[PDB]
Each structure stands twice: as C-alpha cells, then as structure tokens.
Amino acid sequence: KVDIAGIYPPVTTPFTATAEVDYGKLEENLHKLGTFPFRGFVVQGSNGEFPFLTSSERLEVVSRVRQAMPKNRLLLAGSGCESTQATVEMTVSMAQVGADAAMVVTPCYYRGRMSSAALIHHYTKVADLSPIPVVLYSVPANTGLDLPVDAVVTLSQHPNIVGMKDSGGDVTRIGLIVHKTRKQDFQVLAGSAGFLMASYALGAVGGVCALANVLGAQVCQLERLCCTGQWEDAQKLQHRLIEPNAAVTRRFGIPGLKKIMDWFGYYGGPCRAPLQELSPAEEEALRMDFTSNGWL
C-alpha cells in the first residue's frame, strides 16, 4: 500500500462572508502550499472544521482538493464519524472522489464506552470495508481520549491499516507504539510540529502539522534535518517552532491559525460559528509568539 511518510499540512476550510465554503480561496491557498515538499495534504482533518460541514460539503471539499493537487501528492482525507456505518460510507465516498487514504478520528461522544475492544471493532470494520488504506487518528485535545496502545498494536496487524497520526504529544507513548508495531507495516506521524523532532528520534516518519499551513518550509526543513542526522541544527529549529506551534494549536486553535494565515498572505478568513474571532489580547499574544521566535 502507499507510503505515508513525510509532512502534511491539515488544510483549513476557507469560508465566505456568508459562511459558505470559499472554493476559490481554497484552490488559491492549495496552489501556494503546493510549493513546499509536503508528502501531500490532510483534508477535512480537525483543522479543516469538518464537524461544521455538511456531509456533502465534506465530500466536495475532498473532490475539489483532489483536482487542485498533483497526482503524485497524497490526499489523506478525514472520513471519521461517530458511528461505524457512517464512517464506512464517508470513507467509501471519499475514496470515490480520489482520496488516497482515510484518516479516521476515534469516535468519542460516548467516551466512557469507547473501550479498546470497541475501537478495535470500529477500525477493523472500516478497514475491512474501505477501498483505500486507513490511518488511525488519536487527538485527545478534541476527543478527550487516547486510542489505547493495545488497540493500536492489534490494529497495526490489519493489512489495510497502514499507520497513525498521534496528536497527544507523549513521546514515551509514541516510542512505545513504534516499538510494539515494529513487525508490522505501520507508519507513525506526529500530529503537531511542537514534538516533531522528538517523534522522529523515537521512530515516527513524519508529521501532520497545522503549523505547516504558515511555516511550511521550516517544518519541511525540520524533517530534512532529522532525516539526515543533523540533530543539533534540528534542535535549534525545533526550539523556535514550539511557541508558534502552541499558538495555532493549544492556545488559539483554528482562529489563531487562520489569523496567522491572513498575516502571512494566505486566505485565513473566518471560522464557522460557534468558533469566534480572537480578542485583541489574543491577537497580540499570537503575534508575540511568532515575532519573539523570529518568524514575523
């Protein structure tokens, strides 16, 4: 199956002044981001505001991104839904419009009953029925749960489950996942630029990083430094990405990411309600996280 190693920005969904998906701005942004040596794009991931899109919007976004992308760049499409059957259908439909692989977030509304066995069954079914490879996706900042290690190890054995994006930032956990799945075809990607160097050191083979929407060359440079054994230079660059990374993830989220996109000359624009614009104090804090690290 495919090779998912490398760097991807999880791309945003631009909206118009009336909250419609702005496909013109989407295409413009993607053409700009195309200049960086990314493996591809993560589309309708958390940073894409997928919970705020209709079924049909979610599908058409994947379809349009496929058209604005080179054939040899990998389209990793967010197809995860709460129900297993809905996830199957979304995964099939996204494959049909050209997704190379399906990145499937853990169901999480019923967190108390999302046991290892439940999650194993969910992902096994999706992987069984998906015409494209499946990538597991654990993101406790949004879901309140880690996909358990025992479940990851079991799932890594499935022929159609090719890797995972872990956004939790626990490199002891990530190291253990790499180690325990070493006999399988199973590639681990970091879910943020803040712990990317450490992830590479522990055996992860790339990153899906919101920060790459604005510092794409720097995140790719970090990958290069890690892959060529330049760990001292990698350290220095990694250090300077920590605060800007926190700014567009844990601190200010997608509103922070879109604001910084605006300031860098991309179309950031509005989020969909209930997400709101940053307060002036938040804007200033966001600015400082970039300026004090030499990026703005």
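We number the residues from 1 along the sequence you see.
K.L.:
Determine, for stretches 241-249 and 62-70, which one has the higher mean CA B-factor as deposited.
P.N.:
Comparing 241-249 with 62-70, the higher mean C-alpha B-factor belongs to 62-70.
K.L.:
Per the entry, where is the mean C-alpha temperature factor higher: 7-15 or 279-287?
P.N.:
Going by the record's values, the stretch with the higher mean is 279-287.
K.L.:
Whose C-alpha has the highest temperature factor in the PDB entry: 165, 173, 111, 224?
P.N.:
Most elevated C-alpha B-factor of the set, per the entry: 111.
K.L.:
Test of reading the entry: by CA B factor among the chain's modelled residues, which third contains residue 81?
P.N.:
Its C-alpha B-factor, which the entry lists for residue 81, ranks in the middle third among residues of this chain.
K.L.:
Comparing residue 49 with the other modelled residues of its chain, is its CA B-factor in the lowest, middle or highest third?
P.N.:
Its C-alpha B-factor, which the entry lists for residue 49, ranks in the lowest third among residues of this chain.
K.L.:
Ordered by C-alpha B-factor within the chain, which third holds residue 126? Give me lowest, middle or highest, please.
P.N.:
According to the entry, residue 126 has a C-alpha B-factor in the chain's middle third.
K.L.:
What third of its chain's C-alpha B-factors does residue 38 belong to: lowest, middle or highest?
P.N.:
According to the entry, residue 38 has a C-alpha B-factor in the chain's lowest third.
K.L.:
Within this chain's modelled residues, let me know which third the CA B factor of residue 96 belongs to: lowest, middle or highest.
P.N.:
For residue 96, whose C-alpha B-factor we compare with every modelled residue in the chain, the answer is the highest third.
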